[PDB]
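Enquirer: Protein chains in written order, with the entry's author numbering: chain A, 1 to 375, 377 to 486; chain A', 1 to 375, 377 to 486. A prime marks a further copy of an entry chain. Note that CB positions come from ideal geometry on N, CA and C, so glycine has one too. Before anything else, here's the structure in question.
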């Protein structure tokens, strides 16, 4: 049973979207009352002047997305839930009406696919909301309810909304809004597995798993993988696990996780002291303290020799997420830190992921509604071009996607590694220092001699003999470059 | 715009069913987890040994139903709601999973239709439940919720479950479990109209309207009729209104109501003193005090000259309902009262309705779970035959369905009326007394002379001259009969 992971993931460029705040469509939209008179429309305020984003919008902006060069988008939760509480699932079998429901989602899906762009959804199965039917039945029937043993019910009576009282049931992180499921209970296991299957049949391209480490019922995720893969052998399973994910990466559970273990160090190194350290994020990743090329190298090599390589190729690398401060903001505004990080991210083994906004420099606070961006131009044309250029490159050269990863130099604030697939070899260098740097590396590992600047505009590109290759590289302060040919 | 009402209703025999307590199917049923392993089934108790009724059952017993001679069944609420709280709608766009959901309902519908039997559903639109999505959003978002103006919100904060506090929102009959809608709000009007349309397209045969008199937003039910009739010109609209329904019976709203104004008197007369008078029912109808033939005649004639005749023909006559004590029980056990009432009901102008169980004598208390019957034999073969016989007759002779209604005699405890359509005339007599009775009526209204006992076995069937007809009828105590030919 050799380990296998979706090959399309291995060459994909992900784009994480927050649909409620990404884009609202143009032409009139029968948001909720689909069958409503365009005459009585002015009579219905809520629908007539709806504000936040919908799937319509996203679908309409598919041009922009694809132009950036991202071939797969993956959202937060989009199933039916109360406003700005998308994680308090109310109904898993419906897309939220305010987003356009199943009808709109269906159109986005089809639209994205004709363009050959995948779509992954965020599954929240550790807990739901008070309105979730079965919980409701329990709240409406107390002890006499048929599904009391579907949740983690402490005692009675329950105070789901009051506060000054106990609710005698377990809520995610001690909250009475996220009633936790009793995953041990096989019936629950079944209901969930069916939700996964339903959407896969619906035609979605895989699952993101919210806080999948909270669900510890043995055998769970393996079944989740079988029942999922059964429906679609090329479906992508990604757990949002911040930290050592070896428990779920033996090849029988997830295809990979959102690699925060790559995010922290990269920023620790790429931004170092510049890291704001209020926008952390310090449940999620450790982008501190600042690292030097040698510390980053040892840290990165630790990360890379941690999971089976097939999984490493289907890891979802990132620098920002809905749960964290945007990139431009976490770097105190330093463009350099943004260009250098993205450079490492887009040249790292695994699937790179961009948080909508970062390709444009859009800033993002940590909490709350210090966010927002429907991400009006209203950009940072510099950093955007970095993003689009780097993505083309990663799509132009195969070694950057599935090549190997070998550190060549790592001293002071200068870091050089090589991505190599077959005879195609590339050298990537990062000057995280403020002073123009220069390194003489013994590149005896390579079989060729990358001497063309595919990106980065660096100097000291002097090589030499062939018996035993020798290289001298000089890069401007706070810069990076890709060498090829 | 001449008044029109569904002609099929005019010749239908309705059967009111309580699906949760009518019949549970036989063969294994994947009740909730449709896609579940038959191996892990013993692992899922709730589904493995489910108790109460489902639509499967009903569908399976379609033979019995059709054998009784009922051609149209109509239920209580069956949409998603908490157990034994079917009126606390949680989701109008789903049949309750415990009943078999949309998948099972679909099969019953198809099955009933191939047998040429209609199906009407109970619509509860004046209020829902705490779990109803939009209410939930309001409970989860308080003042900041987008649909606060979708309900009747008094103030803040709300205590939807506590009790010792106000909930600052209006609940049907001062209850905090039935959050009332703001029908004035056009958006609400729209959402509802769409629910009606949805199910009609789904292929249901009309709507029963729960407490439709509580929804007083002007123009409501007329729109409800247009949008409904548009989808299906032969759809049946019935309001559950106990009392003078002239407000909704002008021909532009309902096709008729559940005629409690016929139920009360009929029992007042048919059962008189025998009426238990604890099982009333004394929000619903006035089956008291006992009436004499002359009081019943004047009362019945008042009822008949109350609505346009087209509506009278599509009125839903009844003697019992889910909201009231069964017939056999309300008559203290007196079979006579049961046979006489059914006789009047099945020979009255409009659509007759039988509450499942009454055709078998099954008893029914008023509250609570002094009910039940999956209605195991376990019958009353006498009263059943009365029911089946009388139904055949009503289906055999057209005058009993759409004929006119003329009182001939009404003195003491003896009542005689005639149903006449074209040249087909029938005489119906009721001896509500304990002593064999006899009447000499001047039947100069008739053009014929019904002299054959189609039912009832009575005596004194002596007629006479033709210039001016004269009739003498003698019936045993507590008896009735139908005369024809």
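Between residue 82 of chain A' and chain A, is any beta-carbon pair separated by less than 8 angstroms?
Expert: At least one chain A Cβ lies under 8 angstroms of residue 82 of chain A'.
Enquirer: Quick one: give me the first and last residue of the alpha helix (DSSP H) that residue 208 of chain A' is part of.
Expert: Careful: residue 208 of chain A' lies outside any alpha helix (DSSP H), inside the beta strand (DSSP E) at 206-210.
Enquirer: Check the Cβ of residue 133 of chain A against every Cβ in chain A' and list those closer than 8 angstroms, keeping chain order.
Expert: Neighbours of residue 133 of chain A on chain A', chain order: 80, 90, 91 and 131.
Enquirer: For a contact defined as C-beta to C-beta under 9 angstroms, what are the partners of residue 141 of chain A on chain A'?
Expert: Those are 82, 83, 84 and 85, listed as they occur along chain A'.
Enquirer: By the three-class DSSP mapping on this structure, what secondary structure does residue 142 of chain A' have?
Expert: Helix.
Enquirer: Jot down the residue ranges of each uninterrupted beta strand (DSSP E) in the region 97-125 of chain A', minimum 3 residues, whole runs only, in chain order.
Expert: Those beta strand (DSSP E) runs which fall completely within the region 97-125 of chain A' and span 3+ residues are 118-123.
Enquirer: Throw me the rounded Cβ distance for the residue 225 of chain A and residue 252 of chain A pair, which I believe falls under 8 angstroms.
Expert: That belief holds up - the Cβ atoms of residue 225 of chain A and residue 252 of chain A are roughly 6 angstroms apart, short of 8 angstroms.
Enquirer: In three-state terms, what does DSSP make of residue 362 of chain A'?
Expert: Coil.
Enquirer: DSSP three-state call for residue 258 of chain A: helix, strand or coil?
Expert: Strand, per DSSP.
Enquirer: Within 10 Å of its beta-carbon, does residue 448 of chain A' have 16 or more other beta-carbons around it, so buried, or fewer, so exposed?
Expert: Classification for residue 448 of chain A': exposed.
Enquirer: For residue 162 of chain A', go through chain A and note every residue whose CB falls closer than 9 angstroms to its CB, in chain order.
Expert: Going along chain A in sequence order, the residues near residue 162 of chain A' (Cβ under 9 angstroms) are 159, 161, 162 and 165.
Enquirer: Please list, in chain order, all residues of the same chain as residue 154 of chain A' whose beta carbon is under 6 angstroms from its beta carbon, the five residues on each side excluded.
Expert: Closer than 6 angstroms at the Cβ level, and outside the excluded window around residue 154 of chain A', lie 168 and 169.
Enquirer: May I have the straight-line CA-CA distance separating residue 223 of chain A' from residue 94 of chain A, to the nearest angstrom?
Expert: Cα-Cα distance, rounded: 28 angstroms.
Enquirer: Use the C-beta contact count for residue 266 of chain A': other C-beta atoms within 10 angstroms, 16 or more gives buried, fewer gives exposed.
Expert: Buried is the call here.
Enquirer: To be precise: take each residue of the region 275-294 of chain A', compare its Cβ to all Cβ atoms of chain A, and keep it if any distance is under 9 angstroms. Which residues remain?
Expert: Per Cβ criterion, the list is empty.
Enquirer: Would residue 190 of chain A' and residue 6 of chain A' qualify as a contact pair, given that the criterion is a beta-carbon distance under 8 angstroms?
Expert: It is not a contact, given that the beta carbons lie outside the stated cut-off.
Enquirer: Can you list the residues of chain A that residue 184 of chain A' reaches, using a CB-CB cut of under 7 angstroms?
Expert: Within chain A, no residue comes near residue 184 of chain A'; the closest Cβ sits about 11 angstroms away, beyond 7 angstroms.
Enquirer: DSSP beta-bridge partners for residue 81 of chain A?
Expert: Answer by DSSP bridge pairing, in chain order: A/89.
Enquirer: Starting from residue 145 of chain A, find everything on chain A' with Cβ-Cβ shorter than 9 angstroms and list it in chain order.
Expert: Within 9 angstroms Cβ-Cβ: 82 and 83.
Enquirer: So which of A/279, A/273, A/286 and A/258 has the shortest CA-CA distance to residue 264 of chain A?
Expert: Answer by Cα proximity: A/286.
Enquirer: Given a threshold of 16 other Cβ atoms within 10 Å of its Cβ, counted over all protein chains shown, does residue 193 of chain A qualify as buried or as exposed?
Expert: Residue 193 of chain A comes out buried.
Enquirer: Let me see if you follow: with CB-CB separation under 8 angstroms, is residue 11 of chain A close to chain D or not?
Expert: Of the protein chains in the structure, A and A', none is chain D.
Enquirer: Count Cβ pairs between the region 140-152 of chain A and the region 75-90 of chain A' that sit closer than 8 angstroms; are there 3 or more?
Expert: Short answer: they touch.
Enquirer: List, in chain order, every chain A residue whose beta-carbon is nearer than 7 angstroms to that of residue 409 of chain A'.
Expert: Those do not exist, as residue 409 of chain A' stays about 53 angstroms from chain A at its closest Cβ, beyond 7 angstroms.
Enquirer: Quick check: what's the CA-CA separation for residue 174 of chain A' versus residue 162 of chain A'?
Expert: Cα to Cα, the separation comes out at about 14 angstroms.
Enquirer: Of the choices A/54, A/64, A/76 and A/473, whose alpha-carbon is the least far from that of residue 108 of chain A?
Expert: Of A/54, A/64, A/76 and A/473, the residue nearest in Cα terms is A/54.
Enquirer: Ignoring anything shorter than 3 residues, give me the beta strand (DSSP E) runs that lie fully in the region 164-239 of chain A, in order along the chain.
Expert: With a minimum length of 3 residues, the continuous beta strand (DSSP E) runs that stay inside the region 164-239 of chain A are 206-210.
Enquirer: Suppose you measure from the CA of residue 361 of chain A to the CA of residue 374 of chain A; what does that come to, to the nearest Å?
Expert: Each residue's Cα considered, the two are about 12 angstroms apart.
Enquirer: Under a Cβ-count criterion, where at least 16 other Cβ atoms within 10 Å of its own Cβ denotes burial, should residue 436 of chain A' be classed as buried or exposed?
Expert: So residue 436 of chain A' ends up on the exposed side.
Enquirer: Report the rounded CA-to-CA distance for residue 289 of chain A' versus residue 282 of chain A', giving the unit in angstroms.
Expert: Residue 289 of chain A' and residue 282 of chain A': Cα-Cα distance of roughly 12 angstroms.
Enquirer: Quick test of your reading: residue 116 of chain A and residue 71 of chain A, contact by CB under 8 angstroms. State the CB separation rounded to the nearest angstrom.
Expert: Confirmed, about 7 angstroms.
Enquirer: Residues bridged to residue 355 of chain A by DSSP?
Expert: Answer by DSSP bridge pairing, in chain order: A/16.
Enquirer: May I ask you to verify whether the region 45-60 of chain A touches the region 354-368 of chain A, counting CB pairs closer than 8 angstroms and requiring at least 3?
Expert: The region 45-60 of chain A vs the region 354-368 of chain A: no contact.
Enquirer: With respect to the alpha helix (DSSP H) encompassing residue 57 of chain A, which residues constitute its N-terminal and C-terminal limits?
Expert: From DSSP, the alpha helix (DSSP H) with residue 57 of chain A extends over 55-60.
Enquirer: Please tell me whether residue 215 of chain A and residue 149 of chain A are closer than 8 angstroms, where the distance is taken between their beta carbons.
Expert: For residue 215 of chain A and residue 149 of chain A, no; Cβs fall outside 8 angstroms.
Enquirer: Specify the secondary structure class of residue 296 of chain A' as computed by DSSP and reduced to three states.
Expert: Helix.
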